[PDB]
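# Working through the structure, step by step
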Amino acid sequence: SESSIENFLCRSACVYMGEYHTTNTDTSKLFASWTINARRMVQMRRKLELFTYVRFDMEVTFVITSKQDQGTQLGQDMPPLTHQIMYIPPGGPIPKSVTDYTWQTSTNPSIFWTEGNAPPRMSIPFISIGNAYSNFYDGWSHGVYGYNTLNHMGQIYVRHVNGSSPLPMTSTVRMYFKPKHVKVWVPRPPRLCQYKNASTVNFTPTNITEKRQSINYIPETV
Amino acid sequence: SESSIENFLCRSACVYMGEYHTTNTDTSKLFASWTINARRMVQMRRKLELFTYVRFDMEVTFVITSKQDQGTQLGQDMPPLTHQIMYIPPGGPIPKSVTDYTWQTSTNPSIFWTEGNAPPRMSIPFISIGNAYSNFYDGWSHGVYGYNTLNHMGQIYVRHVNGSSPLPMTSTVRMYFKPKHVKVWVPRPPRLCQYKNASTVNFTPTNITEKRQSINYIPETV
Amino acid sequence: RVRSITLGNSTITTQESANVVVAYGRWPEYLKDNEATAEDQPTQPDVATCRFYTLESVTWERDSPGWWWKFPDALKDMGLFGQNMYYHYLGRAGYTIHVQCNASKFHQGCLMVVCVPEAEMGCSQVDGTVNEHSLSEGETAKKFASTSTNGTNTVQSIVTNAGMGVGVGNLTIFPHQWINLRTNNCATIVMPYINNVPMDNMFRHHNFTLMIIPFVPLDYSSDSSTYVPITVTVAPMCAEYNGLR
Amino acid sequence: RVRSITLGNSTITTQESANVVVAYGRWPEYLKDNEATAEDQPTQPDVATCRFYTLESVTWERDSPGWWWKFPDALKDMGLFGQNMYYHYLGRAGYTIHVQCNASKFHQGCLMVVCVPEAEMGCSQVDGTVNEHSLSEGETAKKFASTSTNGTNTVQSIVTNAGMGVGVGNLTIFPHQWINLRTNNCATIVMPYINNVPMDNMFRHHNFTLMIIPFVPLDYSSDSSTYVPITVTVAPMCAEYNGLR
Amino acid sequence: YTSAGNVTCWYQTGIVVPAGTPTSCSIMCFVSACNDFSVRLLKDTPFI
Amino acid sequence: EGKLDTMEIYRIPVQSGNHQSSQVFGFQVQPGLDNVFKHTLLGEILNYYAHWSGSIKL
């Protein structure tokens, strides 16, 4: 009952933590971004690799905390801060500044949230023109080995929702991810070697198991 | 199913962001105002121009954030701030100061809200003595070309609700707008040129499409 | 107690006491009619795709780490089934694989024969990428190694990790068969079409991989033959392509 | 009053007012089952043999004697139907041939379009023999001449004797169609398989010959186009080969 | 470098006219969708 | 080139004389992405969605 597929896979986890400012002199530090896949979380990756094909919905919750920068200026009286969390489907426009037009496109779903309230949450369906996702692909992208374009799942972007000339602030977002209504096909053996990077199956050769003293050795009984 | 009219148009968007103070020496910076139309949001404008006549209800949500001005005075202990959000129907009195009598007229619907709570929200019906709104008008106002008075939808005004001699504060409001229960008539071709201003259809001539190498050219197959 | 089987203009002979593994319980079949009714009409050859194709034999000696083949494109030069790979943009098929040995009662050894879907392989250099030639050579087998390999763009083919980063004793999770020279010398595996889409292009994707791996090495004594031959025979089943009209 | 016809992944457009000649009253069909029951089992492709193949157009000018093609081997490079010619030892098929013109109401001329079985041709030298290249060039047409030819190993191709030693006004004995620029511009001929054995090898025998011959030459005046294009489209019907298993 | 089908047009015969008609001419193409067309994942357009 | 702003962009030229094996035109069928199909009524719709499929009529 605890070994069913749902109870084994449907569990929440922190998969990305990022920081972003209201004012900066880099302009890439003004927003945070994440590409959705399940290959940079080493514990979820291994449980997912026991199968060849998967199908699930996604649920994402966001925990967001702010701070005034230790730069100099005190005595402030500020209202609570507002944030915008945008999801981009596969085949959507990507922003490059925080002032871009794509933060207003009608087909990118978006959430507006102010601090002090309950943590925000959105639910994404199975988004693929194929019939399942694949954890393993023995092919070419059209050319990269092992990468097929049916596994695109979208992106998430987060910014502040101030007006003009805002006050300096630093925020941190943590994303909690959970698959739901899961189905799996074609079981596989468990990964025996350590993972080396996030896109390949590359590995250094590993021992089959650890040694004992002799082929007869059994430890003394208590 | 995702190409139905409701799923294509009924989506929320930020259409106005404004700033206002509690004390100032301009007296127009003491309140914020917006006239409701759908011609200064370039992404919603284009999706709306695929039709000649539209009918919808409006839903408006407000995200409001405050700050103490960096002027000088620290050590304050302040209760949370209260705000007033007033809607004026077509044919209503317009305020010109924040102390005006029109902020108290019984027929201008109004919302009172204090920070820390959930974001406020009001719902406006289809308000027109005509039977639909029009995105295009080939006529005269009675004289402005292209402007007919049946498209008036009202206005929104926001101020602080303090007493006498308040402390200095700066607030920002963001308005999120969403049409509901939508119906459209007479489809049109999509806008090919860039928009130039918010009241006309003026444009500079544009190419029909981009070039290729020759009328036979097809790219080499992978 | 010998059966003689004819497919087309091919004939082979097997023993009626054979044992057959149907991969996941599923026999091959046509995608029925109406996944994509209107402008996706398929066709089927059924001419000289249903016929036995026999590769070259491999030679099992005292130190043989193992062999592997990729499917398809182990059949890209095999008569009509290979012609159809060039004429058509999409296809699909199941297969029947026979593996046989020729040995005496004075030999000994043990083989695993396994069919692995999506057998994505690792590079010999951890920050490298695999080459197209090092993954397959068509109807010629690639070889596993008994120690860890080097060189650029090569599959890391140490046989204990099977090129996939797992323990090779755990490949029994896939459709597999054992050949113990003491008790049998043959193995039949029937594989259906397994993908996450109904059809696909047959040149830049390897549906599955056939592997043959000795777990107990070949042993003989005084004047027996010093090698044992292994033979692989493949019959495509229910092949189907996009219509051309 | 236009029909659109799709065979496989091909589509062409004709007029519904077409006229169709079925060669001797006989539609094409499979040799039914049991001429050679036991060890003569056939197979049929029915994949991308039933599809429209379109050759290059020819150019009809003021002095054009005519054109001819040999069947098969006008299709030995045409996709799958040509692959099957190399993989199989015996075959058979019928055909549908469409011939079309593109002309205006200010042009004039008249064409005969005829399909001739066993069109054995004579040499330009009476005590000579014909070459294999001078009989056909595949999907490129051979040309008739307006006077008598010379040179070794060449077909004697004076157009009044049609290379066969008969009077060209008498070729109406064969399945034929007239194209008079005044009244129509198209012709369809459906040919069945005609031989004195049920199957045959498709490389050293020409079943039939398609000929196109102007009887009234093309004429135009001041600034009309100086040529008229002719287009030929072929669809094989009920093709069938020896089984390979 | 597309992986898409293509369409081409060829001169089978050439154009033939009487005396007193224009020499050159034109063809026009129209495109449309058939009833079985489907779309998914509303996004933002890249043109404004 | 030279005619992206005229009505001539819509006209496939058929020339006079005898050219009875030459190409007239050719294109890949890629609505949404390819320049010749991109700004039509079908192309403009498809560019609002990230996945689409069906049949096309020419």
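Going by the header, the method for this PDB entry is cryo-EM, and the resolution given is 2.49 Å.

Within chain E, the regular secondary structure consists of zero helices and four strands. Element order for chain E, N to C, with α for helix and β for strand: β-β-β-β. Dimensions of chain E, computed from the C-alpha atoms along their principal axes, are close to 60 × 25 × 25 Å. Evaluated residue by residue, chain E yields a buried proportion of 27% over its 48 residues. Of the roughly 2,700 Å² of accessible surface on chain E, a fraction of 59% belongs to carbon and sulfur atoms.

Looking only at helices and strands, chain A has two helices and nine strands in total. In chain A, the succession of helices and strands from N to C terminus is α-β-β-α-β-β-β-β-β-β-β. The C-alpha radius of gyration of chain A comes to 22 Å, more than 25% above the 17 Å expected for a compact globule of 222 residues. In terms of overall dimensions, chain A has C-alpha extents of about 75 × 50 × 40 Å along its principal axes. Within chain A, the proportion of its 222 residues that are buried is 47%. By element, 53% of the accessible surface of chain A is carried by carbon and sulfur atoms, the whole surface being about 11,700 Å². Across chain A, the mean location of the 21 positive side-chain charges is 7 Å away from that of the 14 negative side-chain charges.

Another point: the arrangement of the chains. The interface with the most contacts, out of 12 pairs of chains in contact, is the one formed by chains E and F. Spatially, chain B and chain C are disjoint, and the shortest separation between their C-alpha atoms is 11 Å.

With that out of the way, let us pick up the interface of chain F and chain E. Taken together, the 40 residues of chain F in the interface contact 37 residues of chain E. Carbon and sulfur atoms supply 63% of the area that chain F and chain E bury against each other, a total of about 3,600 Å² over both sides. Taken as a group, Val14, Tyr48 and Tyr49 of chain F account for 17% of the area that chain F buries against chain E, more than any other trio of residues on that side. Taken together, chain F and chain E are joined by 17 residue pairs in polar contact. Elements with a minimum of two residues in the side of chain F that touches chain E: strand 1 (12–14), strand 2 (23–28), helix 1 (41–46), strand 3 (49–53) and strand 4 (56–57) of chain F. In terms of residue class, the side of chain F that touches chain E is made up of 17 nonpolar, 19 polar and four charged. Sheet topology note: the strand 3 (residues 32–33) of chain E/strand 4 of chain F ladder contains two bridges and is antiparallel. Following the sheet pairing, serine 32 of chain E is matched in strand 4 of chain F by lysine 57 of chain F.

Contacts between chain F and chain B engage 21 residues on the former and 19 residues on the latter. On the chain F side of the contact with chain B, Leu4, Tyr48 and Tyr49 of chain F bury the most area, a combined 31% of that side's loss. If you look at where chain F meets chain B, you find two salt bridges. A salt bridge links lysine 38 of chain F to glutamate 210 of chain B; the shortest N-O distance between them is 3.4 Å. Of all elements in the fold, only strand 1, strand 2 and helix 1 of chain F reach the threshold of two or more residues within the side of chain F that touches chain B. For the side of chain F that touches chain B, the leading source of residues is strand 2 of chain F, giving six residues. For the side of chain F that touches chain B, a count of residues per class yields 12 nonpolar, five polar and four charged.

So, how was this worked out
- Residues numbered from 1 in each chain as written, not as in the entry; some residues may be left out.
- Chains lettered and ligands numbered in written order.
- Part of a larger assembly, values for the part shown.
- Heavy atoms only, no water.
- Helix = DSSP H or I, 4+ residues; strand = E, 2+ residues; numbered from the N terminus.
- Buried < 20%, exposed > 50% of the residue type's maximum accessible area, 1.4 Å probe, protein only.
- Areas by Shrake-Rupley, 256 points an atom, 1.4 Å probe, with all protein chains shown as cover.
- Rg over C-alpha atoms; globule rule 2.2 N^0.38 Å.
- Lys, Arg positive; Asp, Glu negative; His and termini not counted.
- Charge placed at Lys NZ, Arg CZ, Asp CG, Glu CD.
- Contact = heavy atoms within 4.5 Å.
- Buried area = accessible area lost by both parts, 1.4 Å probe.
- Polar contact = N/O pair within 3.5 Å; in protein donor to acceptor, adjacent residues only side chain to side chain.
- Nonpolar A, V, L, I, M, F, W, Y, C, P; charged D, E, K, R; others polar.
- Pairing = 2+ DSSP bridges.
- Salt bridge = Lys/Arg side-chain N within 4 Å of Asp/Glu carboxyl O.

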